[PDB]
Structure formats: structure tokens, C-alpha cells
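The sequence shown stops at residue 260 when you use full-length UniProt numbering, and every number in between is there.
Every residue gets a Cβ at the ideal spot worked out from N, C-alpha and C, and that includes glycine.
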Amino acid sequence: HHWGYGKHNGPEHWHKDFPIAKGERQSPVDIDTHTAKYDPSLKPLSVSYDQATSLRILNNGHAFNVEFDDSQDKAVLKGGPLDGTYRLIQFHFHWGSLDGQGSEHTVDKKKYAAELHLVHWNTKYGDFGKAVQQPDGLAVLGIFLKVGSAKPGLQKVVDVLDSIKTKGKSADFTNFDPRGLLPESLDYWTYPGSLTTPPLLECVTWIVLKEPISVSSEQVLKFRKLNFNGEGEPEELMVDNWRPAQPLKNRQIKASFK
Ligand SMILES: [Zn+2]
């Protein structure tokens, strides 16, 4: 009855309801590291999450969102390719059924186990809904996950997942520090793209970090116990909730590093 990540409603079908799926600046893409251009004029990336106020975690039937208070400039992304100030509104992940798949962006065709998206909106547009209608409305910070050592800063998220197993379930999720999800280095690639889920709006500056974070097999296994379905419905494990790479078309990926 609507969009998802199965054979019958997955990414290959989305263009019928959302023709922009075949548009000029769709995401994700493959990042060909030997085609990206170092840009020495890119300003340093500024992640300012000290005053972040998390509120709630929600299973929306596609992923889970950790939501933040974005009523003021409490957690912001600036610098790099960005003009102005972008406010953190939520983060979520995309992940696979197996460790060898799950990311949306790929790097020289390599798929990672998962990908974290920290979603920010351009404050010059006043609200998120207006921002998504602008070509520079959003900035999404993308971070790859590989399976190795546990990420301590992820554990609070993992442990609450039992309480939001099914579509529509939410739980209080205050006092979470998203700085615990970042890698050491802020080296990145950047390109103009889109939301990777319907409505696939072409409003995103993508900033994808080069350094993955490591999470444990046990942590990702717990992501994979979530459900796409609602309570009291036949179980559909929430896995493989990623859109594959889309054609780059008339775009350039810039690198912050050589
Ligand atoms: Zn996403």
C-alpha cells in the first residue's frame, strides 16, 4: 500500500509515485575516490553538538529516528561546503541483513555494514518543511559503520531498541550525546544530492566522512531485530533498508583532503 524495501515496493518501484527518483541530483552515489577533486578553498567542517537536546526515538516503519529539539541553534553544523548555519533535527541509520551490505553511499563500490545520517536544516528557511523545498535546504552528515570493536557511544541506542520493535512505537530518549557517534577525523567528500527515501527531494548537501566508525557484531545484530511491521502483524525484519547508488550524472564530488 506504499513504499518500502521489499521486492514489490522497493527502490526500483519508487519512481512511479515519485518521478524525481530519476532526477538530476539523486542520492546516494558511488564515491569514486580517484575522481573526486581536492578543494583547498573548503573551510574546516564545524560540528557543534555541545548543547544538543535529544528527545525521543521512533520506529517509523523504515528505520528508527533519534529526534532532537531544533527550536533553537542547540546543535549545529557549519563550515566545509556550507554557507550559514544548519540545525540538527534527527539522526537515523541504514543497515543490511549481512555485514557486507547496508550502506547507501559506496566508496570505490565498497558497501559498508551500515550508514549513519545526521540530518540538519538550513536555518535561513525557518523550518524543516520549507527547507526541503530549497536546493540548499538540508545538510546530511553521513558516517559509515564497519563491524569490529564496539562503539561505546552507540550502546544507549542499541539498548532502547527492544522498546521500539515495531512501526509506530516511540520511547523517551533524552540526554543522548551524538558526539559519541563521530570518528576521530572529519575528512569528507561532498556533493549535491537528495533525500534517499521518498519523497526523494533534491534539497541535500551531502557531507560523507572518509573514516568509518566501528561497531560490534552484537550491536548491529540488535539493529536487525527491529521490525518493519506494526505490532500484531506478521514479522518482517527491519534489514536492508538502503537505497542503492544512483547515477552521478552532471555532478562533481569534492574532497576536503588529498
Ligand atoms: Zn538516511
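Here residue 67 has 60, 92 and 94 as same chain residues with Cβ atoms under 6 Å from its own Cβ, once five neighbours each way along the sequence are excluded. With fewer than 16 other CB atoms across the displayed protein chains lying within 10 angstroms of its CB, residue 40 is exposed. For residue 151 and residue 116, the gap between their C-alpha atoms comes out near 14 Å.
With distances taken between CA atoms, residue 135 lies nearest to 195 out of 77, 195, 160 and 51. Residue pairing by DSSP places residue 40 opposite 257 in a beta bridge. A straight-line Cα-Cα distance of about 7 Å links residue 24 and residue 17. Proximity to residue 235 across 103, 33, 180 and 167 peaks at 167, based on C-alpha coordinates. For the pair of segments examined, the stretch 75 to 83 was found not to touch the stretch 223 to 230: the number of CB pairs separated by less than 8 Å stays below three. Residue 137 sits in coil when the DSSP states are folded into three classes, being neither helix nor strand. Contact between the stretch 176 to 187 and the stretch 236 to 255 is not established, with fewer than three Cβ pairs separated by less than 8 Å.
It is roughly 9 Å from the alpha-carbon of residue 114 to the alpha-carbon of residue 149. Residue 4 and residue 192 have their C-alpha atoms spaced approximately 31 Å apart.
In this structure the stretch 26 to 34 touches the stretch 102 to 114; the number of beta carbon pairs closer than 8 Å is three or more.
Proximity of the beta carbon of residue 198 to ligand 1 is indicated: a heavy atom of the ligand is located closer than 7 Å.
Residue 122 is bridged by DSSP to 90 and 141. Remark: the C-beta of residue 15 is outside contact range of ligand 1, defined as less than 7 Å to any heavy atom.
In this structure, the beta-carbon distance from residue 215 to residue 153 falls below 8 Å. Counting other Cβ atoms within 10 Å of its Cβ, residue 10 stays below 16 and is therefore classed as exposed.
8 Å or more divides the Cβ of residue 120 from the Cβ of residue 156.
Non-local beta-carbon contacts of residue 258 in its own chain, meaning distances under 6 Å to residues more than five positions away in sequence, involve 44, 189 and 190 in chain order. For residue 239, same chain residues with a beta-carbon under 8 Å away, outside a window of 5 residues either side, are 99, 226, 227, 228, 229 and 230 in chain order. Buried is the label assigned to residue 199, since at least 16 other Cβ atoms lie within 10 Å of its Cβ. Under the three-state reduction of DSSP output, residue 5 falls in the coil class, being neither helix nor strand.
Proximity to residue 133 across 204, 70 and 65 peaks at 204, based on C-alpha coordinates.
Taking C-beta atoms as the reference points, residue 47 and residue 72 fail to come closer than 8 Å.
Residue 147 sits in a strand when the DSSP states are folded into three classes.
Only residues of its own chain outside the window of five on either side were considered, and among them 115 and 149 have a CB closer than 6 Å to the CB of residue 101, listed in chain order.
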